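**Q** Line by line, the protein sequences give chains A, B, C and D. My numbering runs 25 ahead of the 1-based position in the first sequence. My numbering runs 69 ahead of the 1-based position in the second sequence. My numbering runs 574 ahead of the 1-based position in the third sequence. For the fourth sequence, position 202 matches number 194 in my numbering, and the numbering has no gaps at all. A virtual CB, placed ideally from N, CA and C, is assigned to each residue, including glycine.
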Amino acid sequence: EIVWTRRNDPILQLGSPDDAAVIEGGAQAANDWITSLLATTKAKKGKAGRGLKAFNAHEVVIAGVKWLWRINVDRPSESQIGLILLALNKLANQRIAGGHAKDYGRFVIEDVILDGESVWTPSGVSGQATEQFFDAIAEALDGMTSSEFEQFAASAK
Amino acid sequence: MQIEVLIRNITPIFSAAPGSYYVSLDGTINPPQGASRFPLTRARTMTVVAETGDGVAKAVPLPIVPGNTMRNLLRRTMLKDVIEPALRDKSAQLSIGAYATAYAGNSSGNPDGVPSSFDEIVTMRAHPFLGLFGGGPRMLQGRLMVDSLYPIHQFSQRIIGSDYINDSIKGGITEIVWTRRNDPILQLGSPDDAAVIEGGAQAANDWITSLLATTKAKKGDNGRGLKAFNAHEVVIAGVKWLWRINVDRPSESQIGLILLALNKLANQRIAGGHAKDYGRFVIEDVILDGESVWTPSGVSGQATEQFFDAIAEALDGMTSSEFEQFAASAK
Amino acid sequence: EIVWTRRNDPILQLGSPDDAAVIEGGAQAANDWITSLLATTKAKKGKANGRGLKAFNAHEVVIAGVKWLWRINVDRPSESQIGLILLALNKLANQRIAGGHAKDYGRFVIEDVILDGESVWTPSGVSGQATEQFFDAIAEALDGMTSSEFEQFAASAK
Amino acid sequence: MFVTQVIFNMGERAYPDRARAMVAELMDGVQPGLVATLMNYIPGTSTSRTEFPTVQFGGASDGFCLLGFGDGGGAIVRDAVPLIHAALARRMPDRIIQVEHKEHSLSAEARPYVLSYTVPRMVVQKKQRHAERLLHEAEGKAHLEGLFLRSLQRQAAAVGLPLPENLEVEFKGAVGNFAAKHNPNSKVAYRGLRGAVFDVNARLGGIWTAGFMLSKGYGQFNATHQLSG
RNA sequence: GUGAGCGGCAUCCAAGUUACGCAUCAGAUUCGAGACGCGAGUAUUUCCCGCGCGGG
């Protein structure tokens, strides 16, 4: 679907002496702004820096559609699967893509399938089938030190 | 920080949808050619996926208030009712560019294109106002995720949820409102009526003669004439909405600012219909992370006193310097 | 189809001292990084030697869902070699055709395997009566397979 | 299939014939081509045309009404209203003349139902030798529905509108009688009947006319605003 | 019976790894479903348009 977005010029909506009381120069500054805008508009139209007024559109996927996300890992350890499942437990707290101002990208996880087995409970990824992964990642985090990151990021030249 | 605001409008909401649509005299939207076809200004709608009770999912149009409109409503409330008086108390003046940046996120249409220093980023993101919204020359990420206004309807249950299923409405919630325009001179029928007009009868007869002259052309512009019969579509009155505001890790001052805006939100109309008193709403419940902080006197109670104290402290030490630095262009 | 790919400078998405708390030095390090980035960007703009983390490029891919034909010929093989090829085909869908590891490219599914003009592919995989001899022969060869042949093959005369 | 109706609100209710004379005097000043076109006069002469007149007059609650039959007559009225309105404004500076234009769609269709129509004023006599045929209602009735059918066919042909070939119009009754006077100087008063009602086997749309001498505005009736029975 | 006749450029080899289209933006400002169809004018013929009769 297409959403139509508009940007206003605050000074054009400013039409009371109290409204311009907060602006340096008072009414003189607003009058200069409006007349400069008028001159620029007339010059641009005659010609055949950009002002504030705008009218655009952005195209979004409608709300309520279901999506399938396929994550594949080749020969993972228990700690890595645990980390992935921990991220999926707290994944809904973050938005997918774009539209931060307009709260776009919000989602809810309907199901998580773990090699053909559904491991999604109402309270997240839970169950005996996932206990070893969580225990392994908890131990790995308790043993996590920055030396691995520093060694990884250090250039060899 | 999840905020869910329950809004019931006591007047119809008129958020006009861009584009030219035509309606017949019997309410038929986009009627076939040949019959009378008057222009119709449709209400904003968003197609959403919903279940109509048969268990299958289909895309249906839902009349909404666009999220950018509600975000600007919140911004204008905060500025005009909380921050502008605070700056006036200190007799602080914002420059024209700073005012433009505070009211529309930027002063010009050309972005700076360069990043901001980390110190500037943290200073603005800690600001009670500029942190919430962001923008500016060097584009800044605001902490505010303002969503659209979704009516509590059977079509939005797949979006808002089933928590508010008691306020749902099953039928349509839009209505065609017919407007007119009669010519002032066409109502003059006696010589004493036009005693104020320069020349009176002569001027009125000249003007209607010009109207007849420009009306003689039917088929094969400038000076259309003061006569019209069109219509617009409004979301009917009384429907209960849901507004969702999510904030990315706020300080207590920013939460207090948002709560103050919600307290003073009912003093500003939602969207459109200024001339016809459209957009009047009352807040019926405010939920702050699953807890209801709304009282008949507004947002109060010990659960929100720290936010109000923090925002009051921030306002009492608020200067125009932060806005001037935010709106300053680095190119 | 053409897919557009972006890379972002992580230090530019810091917005609070909490995010920079894990960074050694913290706000000072972030400011130094951003100042160096700005200076490098200005120098590159003026000149128009390190490179930053901001990148916008594209790569071109074959759209998903298109059917492919793969033709394998073997020059007079023993039944062990045919059985080995059949086993590889049975376990081939677990692999991925080409590059694009990060984006999960190259995933596929085998639809039909034709063996000398006849179809030998079942829902389970390469199976049937016609392929029993190949599988038995390759099983025997695997049981009798040792590292001696590989070692002799890889050995260099000089 | 368009009949243009224009209403002039003189302020004081106007006679049809007096309005005709007044506008003819007013038109006499302005461009003669529009003058002769308006009163259906041959350019250079002042003779009433044999063919079905398309531009005619009529009364109103506060003035006179222009009724331009057909596409040509409608166009003539449409480009003639500004000049006549300006002339009226010049002639009466003591009152404000106001004009609204109503462009109607003209159509006639047949239905098995018998539709009853009423006409306020009717004229059925032109000459005494024709009044010799009108000496009694025995010959009058045939003349009545004959005149109605002839007028309907004439206006349908003038506007180019096909008409139900199986029409049967039947006069029903009378209420009142009046007199028809062509010119102020003429002493002869033609026959006039008020409250005339007749039955027709067709749904009449737009405005139709019956009688004689279309160029004055008598014998008119609006089928659209009259509803039906 | 052509300085002719006769003569495999052939075998083996992964283009792959890593990378957020993102941040910011009022569909707003004005205008009545309320007005419009005749109870308007005398007695018997006058200049004429089609040709006894249609018709200014």
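Compute the distance between the beta-carbons of residue 469 of chain B and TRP310 of chain B, then report whether it is under 8 Å.
**A** The question about residue 469 of chain B has no answer, for chain B in this structure spans 70 to 400.
**Q** When you compare the stretch 312 to 324 of chain B with the stretch 374 to 386 of chain B, are there three or more beta-carbon pairs, one atom per stretch, that lie closer than 8 Å?
**A** Put simply, the stretch 312 to 324 of chain B touches the stretch 374 to 386 of chain B. At least three CB pairs are less than 8 Å apart.
**Q** Would you identify the three-state DSSP class for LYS149 of chain B, choosing helix, strand or coil?
**A** Helix, per DSSP.
**Q** Where does the unbroken beta strand (DSSP E) through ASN668 of chain C begin, and where does it stop?
**A** Here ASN668 of chain C belongs to no beta strand (DSSP E), and DSSP marks it neither H nor E.
**Q** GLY64 of chain D and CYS57 of chain D look like a contact to me (Cβ under 8 Å); what is the Cβ gap, rounded to whole Å?
**A** With a Cβ gap of about 19 Å, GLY64 of chain D and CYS57 of chain D do not count as contacting.
**Q** Please report the residue range of the alpha helix (DSSP H) in which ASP717 of chain C lies.
**A** Note, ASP717 of chain C: alpha helix (DSSP H), 706 to 718.
**Q** Taking 8 Å as the CB-CB limit, is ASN97 of chain A close to chain C?
**A** yes
**Q** Apart from the five residues on each side of it in sequence, which residues of its chain come closer than 7 Å, Cβ to Cβ, to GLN147 of chain D?
**A** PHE44, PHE61, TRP200, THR201
**Q** What is the C-beta distance between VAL134 of chain B and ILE82 of chain B, in whole angstroms, given that I count them as a contact (C-beta under 8 Å)?
**A** About 6 Å separates the Cβ atoms of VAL134 of chain B and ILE82 of chain B, confirming a contact at the 8 Å cut-off.
**Q** Against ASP678 of chain C, what residues of chain A qualify as contacts under a CB-to-CB distance less than 9 Å, listed in chain order?
**A** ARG95, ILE96, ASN97
**Q** Helix, strand or coil for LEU18 of chain D? Go by DSSP, reduced to three states.
**A** helix
**Q** Out of curiosity, what's the CA-to-CA distance linking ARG83 of chain D and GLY211 of chain D?
**A** 29 Å
**Q** Should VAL86 of chain A be flagged as near chain B, meaning a C-beta pair shorter than 8 Å?
**A** no
**Q** Between B:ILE314, B:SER237, B:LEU281, B:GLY342, which has its C-alpha nearest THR248 of chain B's C-alpha?
**A** B:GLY342
**Q** So with Cβ pairs under 8 Å, would you call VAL183 of chain B a contact of chain A?
**A** no
**Q** Near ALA181 of chain D, which residues of its chain fall below 7 Å by C-beta distance, leaving aside the five closest residues on each side in sequence?
**A** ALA171, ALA172, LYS173
**Q** Would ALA344 of chain B pass as a contact of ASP181 of chain B if the rule is Cβ separation under 8 Å?
**A** no
**Q** In this structure, does DSSP put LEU141 of chain D in helix, strand or coil?
**A** helix
**Q** Runs of 3 residues minimum, wholly inside the stretch 24 to 83 of chain D: which ones carry the beta strand (DSSP E) assignment?
**A** 57 to 60
**Q** Shortest alpha-carbon distance to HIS217 of chain D belongs to which of D:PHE204, D:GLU137, D:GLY198?
**A** D:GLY198
**Q** Could you give the distance in angstroms between the alpha-carbon of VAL90 of chain A and the alpha-carbon of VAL92 of chain B?
**A** 31 Å
**Q** Work out the CA separation of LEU136 of chain D and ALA130 of chain D for me, nearest whole Å.
**A** 11 Å
**Q** Listing by chain order, which chain A residues have their CB less than 7 Å from the CB of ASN137 of chain B?
**A** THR30, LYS127
**Q** The ligand ADP heavy atoms versus the CB of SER369 of chain B: any closer than 7 Å?
**A** As presented, the structure is devoid of all ligands, the ligand ADP included, so that no description of it is given.
**Q** Could you tell me which of A:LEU116, A:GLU142, A:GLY168 sits nearest to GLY149 of chain A, measuring between CA atoms?
**A** A:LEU116
**Q** How about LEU163 of chain B and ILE96 of chain A: do their beta carbons lie closer than 8 Å?
**A** No. Outside cutoff.
**Q** Between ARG70 of chain D and chain B, is there a C-beta pair that is closer than 8 Å?
**A** Closer than 8 Å: yes.
**Q** Distance check for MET719 of chain C and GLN703 of chain C, CA to CA, integer angstroms please.
**A** 25 Å
**Q** Can you tell me where the alpha helix (DSSP H) with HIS122 of chain D in it begins and where it stops?
**A** 120 to 125
**Q** Rounded to whole angstroms, what is the Cα-Cα separation between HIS196 of chain B and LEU384 of chain B?
**A** 10 Å
**Q** Out of C:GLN726, C:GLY600, C:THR609, which has the shortest C-alpha to C-alpha gap to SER186 of chain B?
**A** C:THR609
**Q** Is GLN48 of chain D closer than 8 Å to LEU59 of chain D when the C-beta atoms are compared?
**A** The answer is yes: Cβ separation under 8 Å.
**Q** In terms of alpha-carbon separation, which member of A:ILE27, A:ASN118, A:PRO147, A:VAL144 lies closest to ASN81 of chain A?
**A** A:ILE27
**Q** With a Cβ-Cβ cutoff of 8 Å, do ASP128 of chain A and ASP216 of chain B count as a contact?
**A** yes
**Q** Give every residue of the same chain whose Cβ lies closer than 7 Å to the Cβ of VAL151 of chain D, excluding the five residues on either side of it in the sequence, and list them in chain order.
**A** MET(-7), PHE61, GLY62, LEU98
**Q** Could you check what DSSP says for residue 551 of chain C in three-state terms: helix, strand or coil?
**A** Residue 551 of chain C cannot be examined here, being either before or after the span of chain C that is shown, 575 to 732.
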